[PDB]
Structures are given as C-alpha cells and as structure tokens.
Amino acid sequence: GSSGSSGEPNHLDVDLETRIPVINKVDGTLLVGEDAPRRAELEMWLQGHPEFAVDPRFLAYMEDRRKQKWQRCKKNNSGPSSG
C-alpha cells in the first residue's frame, strides 16, 4: 500500500463506486456526488451522455498527490566515541 507521499510512476486508481465530476458544455451544469455518474459505468455513460466533460478540478487534485514528495539526509562515517 501507499501512504502519505510516494514518488512513483502510477496511473489513475479509483473505485467503481467513486463518482466522476463533469461540467456540461451545452448548458454549463456541474455534476457532483450522486449527480455524477459512476466511474465503472463511465464508459457506457460517456457513449450517449458525452455531452458533458470531466471537470479539471478533479484531474489536477490527483496529480498533486505525486507532485509532492519527501527526502532524507545522507549517511555518515565513524570516528567519535559514544561517551
């Protein structure tokens, strides 16, 4: 599993249950929560309901996850005494 922040080349990973927000282009209505379709049925939905468009706010969010990263210090040699 991955926690906190991990700098690795990964792809979009979500759960079928998870919904996908989309902002209509014809009228301009934003879909969120129940209003938005299901990632799983997103394919069959984007077939006849392609009149919408996945909001950018969602995409960006994900990216960020990777954007951030962490780092530690280098090692050292011996010499001094514990005392």
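A.B. asks: How do you make sense of a nonpolar patch on the surface when you look at a structure like this?
C.D. replies: Together, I23, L30 and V32 give the surface a local cluster of nonpolar side chains, amounting to about 210 Å² of exposed area. Within the element layout of this structure, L30 appears in strand β2 (residues 30-31). Residue classification places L30 among the partly exposed residues on the basis of a relative accessible area of 44%.

A.B. asks: What is the right way to look at the side chain of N24 in this model?
C.D. replies: With respect to the helices and strands, the residue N24 is situated in the loop between β1 (22-23) and β2. A relative accessible area of 9% places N24 in the buried class. Of note is the side chain of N24, whose polar atom sits 3.2 Å from the backbone nitrogen of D27. Of note is the side chain of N24, whose polar atom sits 2.8 Å from the backbone oxygen of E51. Every residue in contact with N24, bar those within four places of it in the chain, is listed here: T29, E51 and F52.

A.B. asks: Is there a simple way to explain the packing of aromatic side chains in this structure?
C.D. replies: How two aromatic rings sit relative to each other is set out by the distance from centre to centre and by the angle between their planes. Under the criterion given, the structure shown has one aromatic pair. Relative to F52, the ring of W45 has its centre 5.6 Å away and its plane inclined at 50°; by these criteria the two rings are tilted.

What counts as what
Residues numbered from 1 in each chain as written, not as in the entry; some residues may be left out. Heavy atoms only, no water. Patch = residues over 30% accessible without salt bridge, like charges linked within 9 Å, V, L, I, M, F, W, Y side chains within 5 Å. Areas by Shrake-Rupley, 256 points an atom, 1.4 Å probe, with all protein chains shown as cover. Salt bridge = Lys/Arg side-chain N within 4 Å of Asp/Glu carboxyl O. Helix = DSSP H or I, 4+ residues; strand = E, 2+ residues; numbered from the N terminus. Buried < 20%, exposed > 50% of the residue type's maximum accessible area, 1.4 Å probe, protein only. Polar contact = N/O pair within 3.5 Å; in protein donor to acceptor, adjacent residues only side chain to side chain. Contact = heavy atoms within 4.5 Å. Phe/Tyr/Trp six-rings, centres within 6.5 Å; stacked < 30°, edge-to-face > 60°.

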